[PDB]
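Peer 1: I am attaching a structure below and will ask some questions about it afterwards.
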Amino acid sequence: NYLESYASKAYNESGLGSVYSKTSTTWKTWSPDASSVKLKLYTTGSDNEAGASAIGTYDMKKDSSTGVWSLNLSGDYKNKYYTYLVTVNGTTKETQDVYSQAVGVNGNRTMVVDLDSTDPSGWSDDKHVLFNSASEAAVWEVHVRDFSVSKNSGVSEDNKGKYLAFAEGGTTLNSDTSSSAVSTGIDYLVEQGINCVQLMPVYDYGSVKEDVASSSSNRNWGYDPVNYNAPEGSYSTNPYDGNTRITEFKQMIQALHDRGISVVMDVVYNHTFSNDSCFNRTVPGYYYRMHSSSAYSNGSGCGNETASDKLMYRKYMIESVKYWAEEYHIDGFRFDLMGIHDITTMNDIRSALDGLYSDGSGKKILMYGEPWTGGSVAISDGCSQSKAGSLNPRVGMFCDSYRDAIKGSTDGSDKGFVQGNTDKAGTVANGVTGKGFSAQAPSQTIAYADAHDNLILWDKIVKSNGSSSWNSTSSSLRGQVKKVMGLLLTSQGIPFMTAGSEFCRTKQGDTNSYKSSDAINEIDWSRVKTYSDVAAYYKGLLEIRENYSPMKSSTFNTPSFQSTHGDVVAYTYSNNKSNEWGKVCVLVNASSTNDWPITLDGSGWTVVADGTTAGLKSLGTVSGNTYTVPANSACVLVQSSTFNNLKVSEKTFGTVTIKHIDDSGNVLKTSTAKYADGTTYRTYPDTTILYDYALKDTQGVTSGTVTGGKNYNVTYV
């Protein structure tokens, strides 16, 4: 409890970090133990770029009762870089900035972002894509590079691997201007209507060298936080340049917002990459728990725990998670290993969001994380599943007890339910209730089967079924992944999904793939054709879910169950709305082989999934009190007497028809973005861009709400 004096006071300070105005800027930073905090300025994100000079140094002034150090200067410091030197116990360490809204390369430095100036065209009229209920999400966890970088990805060679791969207008499998009906990249998200992305950690992490291209030898998942408040540079086209990463992120955000897709961010406050992070550099021995002034505790990983208990961290979280929601319009935050944090900090972040926007919309922003610790947690108050009743109802927890029962161990061959381990069935059936541990609202339980960590769902499915990496087309194993989606997307509480699980993304059996080669960590999009039907089946379930409030209500509903043990789990949702199907029944057969006849919730049903295909269009009626779940099939039934209530229109996609022309007509490229009926046909020059002369006025309509089956033309490039 190092310094709660000077942190009860100083808790309400404001303008920590730096604040921008055209005339002048103010810096404030807190270090009661320091003898001096000195501001130092730079002109670049690193010494790589041209000039990169420092600009000058300025001693901040301590405020005794708060200990906060502050400085204000006149002049425009827009896009100037800077750092603090912190002097504590006679040592001096350079601290980047504790509050770093915009960063150089890898984070080494910060620059004063003229925040609103970064905004892309048509940003000021952007909107959040909040979900009224938390559960209406369907989080598709993608690590951006994986989605983009495959050679066959259709994404342009300069958008390949980068934020604008969510922004490249229109793209087909192997790029061919063709009836190559496999649209890929951002187009696929529109076809699937994936509804909500989760970006694997897009804040600045140290475990990728941003100085060089990301590659099979320059990859990481990015669980090595270095700056919480600035997005990753490596996914920029231009990491050396702040704003760029910011704008592209805003354009990636805006492209997902345009398409009505919510963006959720994995944020990893429980630990940092380095015991010599800015935190320890700025208040050594405050921010990190320490069983001794000699020795950090290690209750998480990598040798540290953030001092969540201790006020001047509680603030930093509270007014960081707000920052991402303030600016980037991020729609939710997923916390790694919440169990390290004190609940009396999660409760404040939750409560701080609830007041960001005057209309209370901030209440809608999703928040959840992993409740388990990563080791011997150093303090007694922890975000555990057991303590869960002390979190605010709208902070959520992954539910491993559920996960493991579905699939088994994260890692071993040991078969779970999906592969036929009957003896998990009882635990999975309870997990579908959402109360796999004591929880207060569906906003809590992140019903999930799979993640980046350990075996991607397919690899375990094949590995657990008994063979390695096979890329197998087996209608058994390929039928077997559809079990999980049948469960998760029909559970209560936020469904979750590693990106491309829906086309059997494989990592060839790799467990801790955290830095494994691109050939291990890429979406080979030819799997989308090969494991078509699977994705078509997957899309069809989101049609089911998004149109079905009980699967997505804000407070708990609760399935009935008709089998919970052996090899068939079967449960039914209930509803009272008149413009929705009414009762839904979901059955998942753990067998790989057998076709058990199941009793079901009511006397008449329409089949809307069969383990091959799914979604609103009737795949078959069925009648009488029983249904058969053939082999791997995950099947969905809705009460047949009210199947018609879902009078949604078809997702009548519209189109852009970019026809880039430099001069003399002809064609330089022809994408055809497949935008949904709403959204906007925003469109971009990204062809002749490395170095070129082939350039055009970009005559055309260039932007606006799309309109259904209509062709919007821009003559870019």
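Every number here is computed from the coordinates shown, using simple stated rules; none is lab data. Cβ placement follows ideal geometry from the backbone for every residue including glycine, while neighbour counts extend to all protein chains displayed.
Peer 1: Is it the case that some residue within segment 431-448 is in a loop (DSSP other than H, G, I, E, B), in contact with a strand residue (DSSP E or B) (Cβ under 7 Å, 6 or more places away or on another chain), of a type in the set (S, T, N, Q) and surrounded by 24 or more Cβ atoms within 10 Å (Cβ to Cβ)?
Peer 2: Checked segment 431-448: at least one residue is in a loop (DSSP other than H, G, I, E, B), in contact with a strand residue (DSSP E or B) (Cβ under 7 Å, 6 or more places away or on another chain), of a type in the set (S, T, N, Q) and surrounded by 24 or more Cβ atoms within 10 Å (Cβ to Cβ).
Peer 1: Within segment 610-656, can you find the residues that are touching a residue at least 12 places away in the same chain (Cβ under 8 Å) and among the charged types (D, E, K, R)? Reasoning before the result, please.
Peer 2: Taking segment 610-656 and keeping what is touching a residue at least 12 places away in the same chain (Cβ under 8 Å), we get 610-616, 618-643, 645-649, 651-656.
Those that are touching a residue at least 12 places away in the same chain (Cβ under 8 Å) and among the charged types (D, E, K, R): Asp610, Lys647, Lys651.
Peer 1: A further question on this structure: Looking only at helices (runs of 4 or more DSSP H) that lie completely in segment 263-362, which have at least 1 residues being among the aromatic types (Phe, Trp, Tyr)?
Peer 2: 278-282, 311-326
Peer 1: Is it the case that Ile253 is in contact with a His (Cβ under 7 Å, 6 or more places away or on another chain) and buried (at least 21 other Cβ atoms within 10 Å of the Cβ)?
Peer 2: Yes: the conditions hold for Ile253.
Peer 1: Conditions first: (1) hydrophobic (A, V, I, L, M, F, W, C); (2) in a loop (DSSP other than H, G, I, E, B); (3) closer than 19 Å to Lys460 by Cα. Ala425 passes all but one, so which condition is the exception?
Peer 2: Evaluating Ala425 over (1) hydrophobic (A, V, I, L, M, F, W, C); (2) in a loop (DSSP other than H, G, I, E, B); (3) closer than 19 Å to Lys460 by Cα leaves (2) as the failure.
Peer 1: When only residues in segment 419-428 that are buried (at least 24 other Cβ atoms within 10 Å of the Cβ) and not basic (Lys, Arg) count, which is nearest to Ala405 (Cα to Cα)?
Peer 2: Of everything passing the filter in segment 419-428, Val428 is nearest to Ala405 (Cα to Cα).
Peer 1: Taking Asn392, is it within 14 Å of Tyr269 (Cβ to Cβ), in contact with a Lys or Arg (Cβ under 8 Å, 6 or more places away or on another chain) and outside any helix (DSSP H, G or I)?
Peer 2: No.
Peer 1: Only residues that are of a type in the set (S, T, N, Q) and buried (at least 16 other Cβ atoms within 10 Å of the Cβ): list them for segment 108-123, please.
Peer 2: Passing the criteria: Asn108, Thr110, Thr118.
Peer 1: What about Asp601, is it surrounded by fewer than 23 Cβ atoms within 10 Å (Cβ to Cβ) and within 29 Å of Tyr531 (Cβ to Cβ)?
Peer 2: No, not satisfied.
Peer 1: Do you know which residues across segment 553-591 are hydroxyl-bearing (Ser, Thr, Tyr) and either surrounded by fewer than 19 Cβ atoms within 10 Å (Cβ to Cβ) or closer than 17 Å to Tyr627 by Cα (or both)? Before you say what the answer is, go through the steps one by one.
Peer 2: From segment 553-591, those hydroxyl-bearing (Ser, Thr, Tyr) are 553-555, 558, 560, 563-564, 571-574, 578, 591; that's our starting set.
Residues satisfying the conditions are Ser554, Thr555, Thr558, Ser560, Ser563, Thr564, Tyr571, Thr572, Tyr573, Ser574, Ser578, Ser591.
Peer 1: Still on this structure, please answer the following. I'm trying to understand the selection: among the residues of segment 473-531, which are surrounded by fewer than 21 Cβ atoms within 10 Å (Cβ to Cβ), in contact with a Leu (Cβ under 7 Å, 6 or more places away or on another chain) and outside any loop (DSSP other than H, G, I, E, B)?
Peer 2: Correct list: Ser526, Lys529.
Peer 1: Taking only segment 380-409 into account, find how many residues are buried (at least 17 other Cβ atoms within 10 Å of the Cβ), over 23 Å from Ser133 (Cβ atoms) and in contact (Cβ under 8 Å) with a residue 60 or more places away in the chain.
Peer 2: Summing the residues that are buried (at least 17 other Cβ atoms within 10 Å of the Cβ), over 23 Å from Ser133 (Cβ atoms) and in contact (Cβ under 8 Å) with a residue 60 or more places away in the chain in segment 380-409 gives 2.
Peer 1: I'd like the full set of residues that are crowded, with 20+ Cβ neighbours inside 10 Å and aliphatic (A, V, I, L, M), limited to segment 284-310.
Peer 2: Residue satisfying the conditions is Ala307 alone.
Peer 1: With the requirement that a residue be surrounded by fewer than 20 Cβ atoms within 10 Å (Cβ to Cβ) and polar (S, T, N, Q), what does segment 1-45 give you?
Peer 2: Residues satisfying the conditions are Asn1, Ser5, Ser8, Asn12, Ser14, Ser21, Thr23, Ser24, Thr26, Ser35, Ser36, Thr43.
Peer 1: Please indicate, with yes or no, whether at least one residue in segment 82-100 is in a loop (DSSP other than H, G, I, E, B) and among the basic types (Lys, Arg).
Peer 2: no
Peer 1: Given segment 555-635, what strands (runs of 3 or more DSSP E) lie entirely inside it while holding 2 or more residues that are aliphatic (A, V, I, L, M)?
Peer 2: Where strands (runs of 3 or more DSSP E) fall fully within segment 555-635 and carry at least 2 residues being aliphatic (A, V, I, L, M), they are 568-573, 584-589, 604-610.
Yes/no per residue for (1) more than 30 Å from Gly185 (Cβ to Cβ); (2) of a type in the set (D, E, K, R); (3) surrounded by 14 or more Cβ atoms within 10 Å (Cβ to Cβ):
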position	(1), (2), (3)
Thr593	yes, no, no
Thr621	yes, no, no
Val648	no, no, no
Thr652	no, no, no
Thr657	no, no, yes
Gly665	no, no, no
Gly678	no, no, yes
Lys696	no, yes, yes
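Peer 1: Exactly one of (1) at negative phi; (2) surrounded by fewer than 18 Cβ atoms within 10 Å (Cβ to Cβ); (3) out of contact with any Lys or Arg (no Cβ under 8 Å at 6 or more places or on another chain) is unmet by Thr344. Its number?
Peer 2: Failing condition for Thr344: (3).
Peer 1: Going through segment 101-128 one residue at a time, which ones are of a type in the set (D, E, K, R), touching a residue at least 40 places away in the same chain (Cβ under 8 Å) and not in a loop (DSSP other than H, G, I, E, B)?
Peer 2: Once the filter is applied, which keeps residues that are of a type in the set (D, E, K, R), touching a residue at least 40 places away in the same chain (Cβ under 8 Å) and not in a loop (DSSP other than H, G, I, E, B), segment 101-128 yields nothing.
Peer 1: For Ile330, indicate whether it is over 18 Å from the mean Cα position of the chain (by Cα), of a type in the set (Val, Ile, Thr), within 21 Å of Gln101 (Cα to Cα) and buried (at least 19 other Cβ atoms within 10 Å of the Cβ). Let's see the steps before the verdict.
Peer 2: Values: over 18 Å from the mean Cα position of the chain (by Cα): no; of a type in the set (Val, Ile, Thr): yes; within 21 Å of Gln101 (Cα to Cα): yes; buried (at least 19 other Cβ atoms within 10 Å of the Cβ): yes.
So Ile330 does not fit the description; no.
Peer 1: Could you list, in sequence order, all residues of segment 648-683 that are among the hydroxyl-bearing types (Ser, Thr, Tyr) and not in a loop (DSSP other than H, G, I, E, B)?
Peer 2: Scanning segment 648-683 gives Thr655, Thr680.
Peer 1: Let me ask another. For residues in segment 144-192 being aromatic (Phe, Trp, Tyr) and under 18 Å from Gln254 (Cβ atoms), which is surrounded by the most Cβ atoms within 10 Å (Cβ to Cβ)?
Peer 2: In this case the residue turns out to be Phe166.
Peer 1: For segment 684-714, give me the residue count where each residue is over 17 Å from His257 (Cβ atoms), among the polar types (S, T, N, Q) and not in a loop (DSSP other than H, G, I, E, B).
Peer 2: Just the residues of segment 684-714 that are over 17 Å from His257 (Cβ atoms), to begin with: 685-702, 707-714.
From what is left, the residues that are among the polar types (S, T, N, Q) are 687-688, 698-699, 702, 707, 711, 713.
So of that shortlist, the ones also not in a loop (DSSP other than H, G, I, E, B) come out as 711.
Here the count works out to 1.
Peer 1: Being surrounded by 15 or more Cβ atoms within 10 Å (Cβ to Cβ), over 18 Å from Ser175 (Cα atoms), of a type in the set (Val, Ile, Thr) and under 30 Å from the mean Cα position of the chain (by Cα) is true for just one of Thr683, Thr672, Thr715, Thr702. Which residue is that? So that I can check it myself, show each step before the final result.
Peer 2: Numbers: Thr683 fails: over 18 Å from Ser175 (Cα atoms); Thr672 fails: over 18 Å from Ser175 (Cα atoms); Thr715 fails: under 30 Å from the mean Cα position of the chain (by Cα).
Only one candidate qualifies: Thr702.
Peer 1: Residue by residue through segment 222-233, note down the ones that are under 17 Å from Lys507 (Cβ atoms) and surrounded by 24 or more Cβ atoms within 10 Å (Cβ to Cβ).
Peer 2: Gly222
Peer 1: Can we say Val112 is β-branched (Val, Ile, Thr) and either farther than 21 Å from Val226 by Cα or in contact with a helix residue (DSSP H, G or I) (Cβ under 8 Å, 6 or more places away or on another chain) (or both)? If you could, list the steps in order and put the result at the bottom.
Peer 2: On the way: β-branched (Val, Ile, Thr): yes; either farther than 21 Å from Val226 by Cα or in contact with a helix residue (DSSP H, G or I) (Cβ under 8 Å, 6 or more places away or on another chain) (or both): no.
So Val112 does not fit the description; no.
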